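Asker:
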Amino acid sequence: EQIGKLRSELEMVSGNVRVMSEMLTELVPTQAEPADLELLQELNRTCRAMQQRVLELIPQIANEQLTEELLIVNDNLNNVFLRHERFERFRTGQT
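The numbering of the sequence shown is the deposited numbering, which starts it at 215 and goes up by one.
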């Protein structure tokens, strides 16, 4: 249960962050419109909330579990990390 929740949450996070980074890719962060900035902020807030939900789930994962499922969750977490770093790169114009 909580494992599936971890996957779903992490996937949603990485997706939303991907969107943000793609927005910053297409449009210059400093030239982006107020509307674009609001959208970015909303997506960031959503991601944060979901990340917290993940942090609420991990504790509930008793050991041991299926290696396959654990790897899946870890991979999705790594995907979040990657997308987050990319977002930061584009936002700071250091990409």
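Idealized CB from N, CA, C, for every residue including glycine.
1) Taking the alpha-carbon of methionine 226 as reference, which of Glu236, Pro243, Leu257 has the nearest alpha-carbon?
2) Measure the beta-carbon distance from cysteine 261 to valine 287 and round it to whole angstroms, keeping in mind my assumption that it falls under 8 Å.
3) Mind checking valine 294: buried by the 16 CB within 10 Å criterion, or exposed?
4) Excluding five sequence neighbours on each side, which residues of the same chain lie with their C-beta closer than 8 Å to the C-beta of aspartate 250?
5) Nearest-angstrom Cα distance between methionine 234 and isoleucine 272?
Answerer: Per the coordinate set shown:
1) Residue numbering aside, residue 226 sits at position 12 when the sequence shown is read from its first letter. Nearest of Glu236, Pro243, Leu257 to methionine 226, Cα basis: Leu257.
2) The residue given as residue 261 occupies position 47 in the sequence shown. The residue given as residue 287 occupies position 73 in the sequence shown. So it is not a contact: roughly 17 Å between Cβ atoms.
3) In the sequence shown, residue 294 corresponds to position 80, counting from 1. Buried.
4) Position 36 of the sequence shown, counted from the first residue, corresponds to residue 250. If we look at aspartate 250 and ignore the five residues flanking it on each side, its Cβ neighbours are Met237, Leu241.
5) Against the sequence shown, residue 234 aligns to sequence position 20. Against the sequence shown, residue 272 aligns to sequence position 58. Looking at the two C-alpha atoms, the distance is approximately 26 Å.
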